[PDB]
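Undergrad: Please see the structure below; I have some questions.
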Amino acid sequence: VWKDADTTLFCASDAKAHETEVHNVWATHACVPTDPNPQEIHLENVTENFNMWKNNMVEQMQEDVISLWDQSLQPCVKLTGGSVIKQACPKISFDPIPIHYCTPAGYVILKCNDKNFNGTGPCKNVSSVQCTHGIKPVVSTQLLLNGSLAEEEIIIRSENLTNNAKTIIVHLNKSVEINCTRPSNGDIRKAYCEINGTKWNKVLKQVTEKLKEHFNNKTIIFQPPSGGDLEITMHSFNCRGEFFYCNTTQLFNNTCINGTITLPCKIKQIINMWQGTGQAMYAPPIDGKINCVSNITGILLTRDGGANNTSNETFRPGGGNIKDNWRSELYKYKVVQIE
Ligand SMILES: CC1(C)CC(NC(=O)C(=O)Nc2ccc(Br)cc2)CC(C)(C)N1
Ligand SMILES: *[C@@H]1O[C@H](CO)[C@@H](O)[C@H](O)[C@H]1NC(C)=O
Ligand SMILES: *[C@@H]1O[C@H](CO)[C@@H](O)[C@H](O)[C@H]1NC(C)=O
Ligand SMILES: *[C@@H]1O[C@H](CO)[C@@H](O)[C@H](O)[C@H]1NC(C)=O
Ligand SMILES: *[C@@H]1O[C@H](CO)[C@@H](O)[C@H](O)[C@H]1NC(C)=O
Ligand SMILES: *[C@@H]1O[C@H](CO)[C@@H](O)[C@H](O)[C@H]1NC(C)=O
Ligand SMILES: *[C@@H]1O[C@H](CO)[C@@H](O)[C@H](O)[C@H]1NC(C)=O
Ligand SMILES: *[C@@H]1O[C@H](CO)[C@@H](O)[C@H](O)[C@H]1NC(C)=O
Ligand SMILES: *[C@@H]1O[C@H](CO)[C@@H](O)[C@H](O)[C@H]1NC(C)=O
Ligand SMILES: *[C@@H]1O[C@H](CO)[C@@H](O)[C@H](O)[C@H]1NC(C)=O
Ligand SMILES: *[C@@H]1O[C@H](CO)[C@@H](O)[C@H](O)[C@H]1NC(C)=O
Ligand SMILES: *[C@@H]1O[C@H](CO)[C@@H](O)[C@H](O)[C@H]1NC(C)=O
């Protein structure tokens, strides 16, 4: 017998003690080795309720990633609360590694194995584990990168679809690669992302059809962000320590519903912190080819309000709350206390 409960989790990873890469360093001192032979118990015809939108596991992963960035990516100048903090800001080795989240004695993690599970409600196929799967703490907006894929159909996730103020997480069942490069050798900050147009438009059409099922077959329209900070209006992410801001206008235009899609990007030194603090400024980009090839595995969407009297629903890429990023991976888990 058990019950829903919150407790302090610990982490496990396969980090290398000899790596200077910041994630490896953090996990080496903050986590333990992973279990080579993990045990999993499938509960016989047990029904459990989940709520990915109210899961303390999310808050804890957030806290880990905040501390990791706080120790690994200190900017030259921090602007928060009115005070100005200056300090050294050397370039680092940066490449996210999988982090496992595990429960201590007296506790266990319940895992929903239901196909097409949306993250909330009852789960029929439930198993118990000590640790989650390996989750890379990838920080980004608009597009979710290097995450897990839905096993069956594309899944739409939201705490409340009817509430347009609540973020929508689209969980893809097929990866679309995004190839971002800052070429070696008139602007060290100019960059670009290449994406297979055929693959993207096909997936996006599948997402459209999926959104129809949730919005009474209303017409689904995609549009670029209306306004807001650059971190939100553009696809923001960190590649090799450098902050990339990419213009995704070409991705979200309800027209191509063929060739290569080249998104214009730029590396920014001055960033609005996702931690919520304030503003941070980093040193200029390192020289040479700066390249990151990522899997697009999900999308963060915000729905336009004031469309109730029309046959259209408008969706725009969003994000900014990194907790949603962790939710996209932790949705199927919950902690319970055993006796
Ligand atoms: C809640 C709300 C509206 C979200 C905002 N988000 C961000 O500034 C953000 O996500 N920035 C960011 C930075 C680097 C990378 Br790489 C990706 C994204 C920041 C705060 C202060 C928390 N307000
Ligand atoms: C329940 O989930 C487990 C783990 O994914 C899977 O092996 C099993 O086939 C599922 N059971 C059914 C009947 O769907
Ligand atoms: C998830 O599935 C449950 C099944 O009862 C349902 O109540 C809930 O509305 C679903 N959530 C979404 C966003 O589809
Ligand atoms: C992805 O999900 C959609 C439904 O959302 C489905 O039609 C399609 O077959 C899936 N693709 C793959 C490769 O499973
Ligand atoms: C979902 O959002 C709608 C629109 O804001 C609201 O009227 C409704 O109460 C919400 N549903 C729940 C279960 O809170
Ligand atoms: C990229 O996506 C493919 C599946 O489309 C997967 O096999 C591979 O592991 C992914 N790479 C990651 C997760 O970094
Ligand atoms: C990514 O794009 C760059 C520049 O076009 C290219 O050199 C590289 O081969 C690409 N990588 C992959 C895996 O497609
Ligand atoms: C969408 O249209 C199809 C085809 O007529 C219908 O079967 C289905 O019930 C509709 N779905 C919604 C959510 O309105
Ligand atoms: C993206 O590029 C388009 C032109 O292709 C431009 O109109 C738009 O302002 C850009 N978006 C942002 C957020 O800068
Ligand atoms: C969508 O693409 C078409 C291409 O002809 C363009 O004219 C239109 O302005 C685009 N809408 C946007 C970028 O919102
Ligand atoms: C995208 O993939 C398809 C095969 O799925 C291929 O035919 C097409 O050439 C690719 N497009 C690009 C831009 O490479
Ligand atoms: C995604 O994973 C690939 C393979 O490990 C990596 O090269 C790339 O830098 C990752 N993308 C991001 C945004 O971290």
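Here the Cβ is made from the backbone with ideal geometry for all residues, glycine too, and neighbour counts use every protein chain on show. The numbers here are math on the coordinates, done by the rules we state, and not lab data.
Undergrad: Any idea which residue in the range 149-186 is nearest to ligand 6 (Cβ to nearest atom), counting only those that are part of a loop (DSSP other than H, G, I, E, B) and among the acidic types (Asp, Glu)?
TA: Looking at residues that are part of a loop (DSSP other than H, G, I, E, B) and among the acidic types (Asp, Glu), I get 151.
Undergrad: What are the residues in the range 11-33 that are over 17 Å from residue 61 (Cβ atoms), touching a strand residue (DSSP E or B) at 6+ places or on another chain (Cβ under 9 Å) and part of a loop (DSSP other than H, G, I, E, B), if any?
TA: 14
Undergrad: While we're here: Just to be sure I understand, how many residues within the range 187-218 are among the acidic types (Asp, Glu) and touching a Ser or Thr at 6+ places or on another chain (Cβ under 8 Å)?
TA: Number of matching residues: 1.
Undergrad: Tally up the residues in the range 187-215 that are surrounded by 15 or more Cβ atoms within 10 Å (Cβ to Cβ) and assigned to a strand (DSSP E or B), please.
TA: The qualifying residues number 6.
Undergrad: Moving on to the next point. Quickly run through the range 244-257 and pick out the residues that are among the hydrophobic types (A, V, I, L, M, F, W, C) and either over 11 Å from residue 191 (Cα atoms) or within 8 Å of ligand 10 (Cβ to nearest atom) (or both).
TA: 251, 252, 256, 257
Undergrad: Still on this structure: Show me the strands (runs of 3 or more DSSP E) entirely contained within the range 257-339 in which 1 or more residues are of a type outside the set (A, V, I, L, M) and crowded, with 20+ Cβ neighbours inside 10 Å.
TA: Strands (runs of 3 or more DSSP E) meeting the threshold: 260-267, 290-303, 312-317, 333-338.
Undergrad: Is it fair to say residue 248 is away from ligand 9 (no atom under 15 Å from the Cβ) and polar (S, T, N, Q)?
TA: Criteria not met by residue 248.
Undergrad: Working only within the range 257-298, note down all residues that are among the small types (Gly, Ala, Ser), under 20 Å from the mean Cα position of the chain (by Cα) and within 16 Å of ligand 12 (Cβ to nearest atom).
TA: 294, 298
Undergrad: Sticking with this one: Return the residues of the range 98-128 that are away from ligand 5 (no atom under 16 Å from the Cβ), under 20 Å from the mean Cα position of the chain (by Cα), crowded, with 16+ Cβ neighbours inside 10 Å and assigned to a loop (DSSP other than H, G, I, E, B); say none if nothing qualifies.
TA: 98, 117
Undergrad: Still on this structure: Scan the range 34-55 and give yes if some residue there is in a helix (DSSP H, G or I), within 25 Å of the chain's Cα centre (by Cα) and surrounded by fewer than 17 Cβ atoms within 10 Å (Cβ to Cβ), otherwise no.
TA: No, every residue in the range 34-55 fails to be in a helix (DSSP H, G or I), within 25 Å of the chain's Cα centre (by Cα) and surrounded by fewer than 17 Cβ atoms within 10 Å (Cβ to Cβ).
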